[PDB]
């Protein structure tokens, strides 16, 4: 239970729910093929926002994860329960108007992921113990313009069966400036890119011990 509730760009937090479509309820999406998998949604209520955040291509944004919209701190208890082990992931989708585009459907490409490392430490744990900061490199080589940024944390503590995995995601609204447009990524659909049978969705993270973890979705796009 957690919310990607604000975005930091160039050392400046852009405001709670400002440029990020945030729900008030921090409950997960559990149907990977629901239309809500893209930018969250029913049975949650997601607020709209008119702010579109400028970001220079090639630089980083940081998704700021918090337990609730009222959370003030940045300690583990302020981010997500430590039982919620799993990957962190981020996607971009080119859209005509980032303030109004739905996000459902084709066009998503992955730009970051953090699964499980050789020490058995998970991406969500690095965010939980890292002040809720989820750093994401905006590629320098993509086309400039309006994008949706989908930042995601998947909790796998109850994922031995499907449904069970818990998907927490929100979409930020970006205006990518300076993008060279020299590369166009191959894209996938949300819903569609994840399946309830994916090795990274239906998984017992306790027995037997996880030796390697396969983050769901396509491979990361890199310039």
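Positions refer to the first chain, counted from 1. We call the rigid core the largest set of C-alpha positions that still match within 1.5 Å between the two forms.
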Checklist entry - Following superposition on the rigid core, is the mean squared CA displacement, expressed as RMS, greater for 206-214 or for 16-24 in 5 other deposited structures of this protein? => result 206-214
Checklist entry - What stretch has the higher average Cα B-factor here, 124-132 or 87-95? => result 124-132
Item to check | Between 146-154 and 111-119 (mean CA B-factor, as deposited), the higher | outcome: 111-119
Checklist entry - Highest Cα B-factor in the PDB entry belongs to which of 56, 26, 49, 34? => result 56
Checklist entry - Based on the entry's values, in what third of the chain does the Cα temperature factor of residue 3 lie: lowest, middle or highest? => result lowest
Checklist entry - Can you tell me which third, lowest, middle or highest, the CA B-factor of residue 195 falls into for its chain? => result highest
Checklist entry - Lowest, middle or highest third: where is residue 173 by Cα B-factor in its chain? => result lowest
Next on the checklist: Lowest, middle or highest third: which one holds residue 140 when the chain's residues are ordered by CA B-factor from the entry?
Outcome noted: middle
Next on the checklist: Can you tell me whether residue 40 has a C-alpha B-factor in the lowest, middle or highest third compared with the other modelled residues of the same chain?
Outcome noted: lowest
